[PDB]
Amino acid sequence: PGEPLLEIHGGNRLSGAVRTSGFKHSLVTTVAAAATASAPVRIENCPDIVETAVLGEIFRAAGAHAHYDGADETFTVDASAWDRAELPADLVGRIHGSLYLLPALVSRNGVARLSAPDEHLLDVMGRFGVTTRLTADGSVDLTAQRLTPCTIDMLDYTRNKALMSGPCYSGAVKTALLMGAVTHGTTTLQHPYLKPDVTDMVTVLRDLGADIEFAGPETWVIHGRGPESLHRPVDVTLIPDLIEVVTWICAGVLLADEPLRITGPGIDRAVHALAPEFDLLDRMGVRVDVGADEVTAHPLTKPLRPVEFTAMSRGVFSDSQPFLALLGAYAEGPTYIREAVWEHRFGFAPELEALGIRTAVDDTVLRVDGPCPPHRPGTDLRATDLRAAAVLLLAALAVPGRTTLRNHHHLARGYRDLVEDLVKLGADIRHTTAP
């Protein structure tokens, strides 16, 4: 609450085709890599979201170059003329991805200020000889006269070392790689994050001119030659958004009458990365046809099967489980969902409960008592986050009646225009105001 409102009239069956945009998180890592380099980086299949717009403005405010071609979905950036030690606070604080610009700011200027969770990020850069200086305001100053190589076991940034999972795991790996690339010497990273988040950043860094060796399955060696080695021009096509694919599969299975075709350049590679999710889909009884540039989600033909899983760093995405919870409402029996990344991330549960979905929450565990599909109309829902807004919207579309959803502004940070895309499929969603 939450002034603008989404007026949802569910009960309508969706039909047609959807095209996906690039992975938001790999967009962040690619741009962060480009900020350290002096060469232009052309990013194809770039999503038209908030993250792209802000990063572009940050680059231009830094004296660098950034341009997004909407008709081409191409984002070209160049930090060769980068010339700022401090970026506008309001701009930086608008997105989360600005945090990975710190290795660029530190290596280029020697001094950087972190405008007011990032202890792990500061701890990682601290391994490379970066001094942490806190002068109130909740803001931190980064200082480094010179960068030194190091050997880091990335399990130091996990909550559970056996499970190899944690909220600080992913960010620490991304930062360490960036630091190692702008550092002279051999940096060794052990037990690194494995999703395309980090994988695609490695490819970009290699193309820039960095020497990154996969010495072992759990050992990455960075033969760093400083920022001056990153001078080679790069052309990269982003992997389709992993969570957006999950979102559309959930939409097709529950809201469509005919098989929903979901397209994207090299989406088969996105599916392979979603192997934990797809294992669950197969275990639940969800049918998805997989092609090279398209996947096809089939509507329900019978009750799904309940599953038990844990959302973890080297497994099912934390952003994936809310959609799997909604699918659990159509399964016959209890679906157990444990969160091993962002402990308290079941804020969508009380809102799904208003729609008729029965859930139980104890600490890190969510249980869905299927079957309990959403059916209650005339409710007023409040989104708590990005994926919450998405899953609530899909659930509301299944309810033959009127549902109001607020705080849907979160959607812009994960999707281009999820409302508009659903409307194209036949969804009846209207933009209104509270009074």
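Residues carry their position along the shown sequence, with the first being 1.
The entry shows a gap from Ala116 to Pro117, with 10 or more unmodelled residues of the deposited sequence in between.
Two stretches are in play, 325 to 333 and 299 to 307, and the higher mean C-alpha B-factor belongs to 299 to 307. Averaged over CA atoms, B-factors in the entry run higher in 124 to 132 than in the other of 124 to 132 and 315 to 323. When the C-alpha B-factors of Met164, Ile262, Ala85, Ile243 are ranked from the entry, the top spot goes to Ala85. Comparing the listed residues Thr187, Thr199, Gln145, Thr175, the entry records the largest Cα B-factor for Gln145.
Among the modelled residues of its chain, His25 has a C-alpha B-factor that falls in the lowest third according to the deposited record. Among the modelled residues of its chain, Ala66 has a C-alpha B-factor that falls in the highest third, as given in the PDB entry. Ranked by Cα temperature factor within the chain, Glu353 sits in the middle third according to the deposited record. The entry lists a Cα temperature factor for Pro400 that places it in the highest third of the chain's modelled residues. Per the PDB record, residue ranking by Cα B-factor puts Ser107 in the middle third of the chain.
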